[PDB]
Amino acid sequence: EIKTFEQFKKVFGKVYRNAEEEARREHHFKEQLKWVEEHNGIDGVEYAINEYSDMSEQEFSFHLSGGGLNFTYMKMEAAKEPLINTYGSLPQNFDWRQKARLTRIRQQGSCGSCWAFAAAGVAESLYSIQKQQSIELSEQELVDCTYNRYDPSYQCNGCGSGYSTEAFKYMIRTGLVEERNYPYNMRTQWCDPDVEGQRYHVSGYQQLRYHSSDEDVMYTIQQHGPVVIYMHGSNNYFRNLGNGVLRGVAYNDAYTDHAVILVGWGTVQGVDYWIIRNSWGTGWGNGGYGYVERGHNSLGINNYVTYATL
């Protein structure tokens, strides 16, 4: 129910370092609100304003990944082959939200940390799935302690941009303490390594072949749990997604700037979709979850799929 800027301002409590900045800012909100009203309900899909609606597509994309994702680096670590192709048949519907008590939806806020939330999310899922333990891990510890300037053995850039594979690497070698012990501030800080508290590890991770088939991905999800994917988060349709199944968007997209989690799949009246766990609060999508059509590498969903192992 946000009709122009300072309802948006007081709802999301936005402070502006300047008056020059606000002028450049409600125009983007107006044109984002413009995009929302003209698209809401089309193809029976809900779109809606959110905390990010004051940035342009260019700005938001930079907000997510600081224009600095080395795809060459990301492609090099992938498996080179599809899965051994002997797994039987796949169920039409599969939803880890129903097979396990997954942890609550998180909110990365004004920090390009999706890579950290996606990795932590997969790890938390696995602890629920294999041990029936609900834990909340510290994304902030990932942001700071995989920071390249802090530890050159890692390639992440904090709130700038990052790699979920690098995050899992950290979860193997060091492990993460819980949120309580290293709380989230949506900013790059100096790594605190003398944080005590129990540490939660994974033992391994594997990135699937670039452009993996839906079937490989679905099977991976079935056998290894929720998976990290990298996709085109700053796309207008995905950006403002509420309820509904996003169809016909960005087929075979090569441009990726956002990390999220696949937790399953389903079919609704002829339409095959993915279930996406996002890190933008329960206000986005349907309670923080979104639905994107399968079968077309929509928004680059199949480009960089990674699972982990406890």
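From 1 onward, residues are counted along the sequence shown.
Per the entry, higher mean C-alpha B factor between 190-198 and 168-176: Per the deposited B-factors, the answer is 190-198.
Which wins on mean Cα temperature factor, 2-10 or 300-308? Stretch with the higher mean C-alpha B-factor: 2-10.
Quiz for you: based on the deposited Cα B-factor, which of 82, 160, 204, 121 is highest? Going by the entry's C-alpha B-factors, 160 comes out highest.
What's the residue among 103, 89, 92, 113 with the greatest CA temperature factor in the PDB record? Of the options given, 89 has the highest CA B-factor in the PDB entry.
Please place residue 224 in the lowest, middle or highest third of its chain according to the CA B-factor in the PDB entry. Residue 224: CA B-factor falls in the lowest third of its chain.
Would you mind ranking residue 148 by its C-alpha B-factor against the rest of the chain and naming the third, lowest, middle or highest? CA B-factor rank for residue 148: highest third.
Third of the chain's Cα B-factor distribution that residue 71 belongs to, per the entry: Top third by C-alpha B-factor.
Among modelled residues of the same chain, the CA temperature factor third for residue 44: Highest third.
Please say which third, lowest, middle or highest, residue 216 falls into when its CA temperature factor is compared across its chain. Ranked within chain, residue 216 CA B lands in the lowest tercile.
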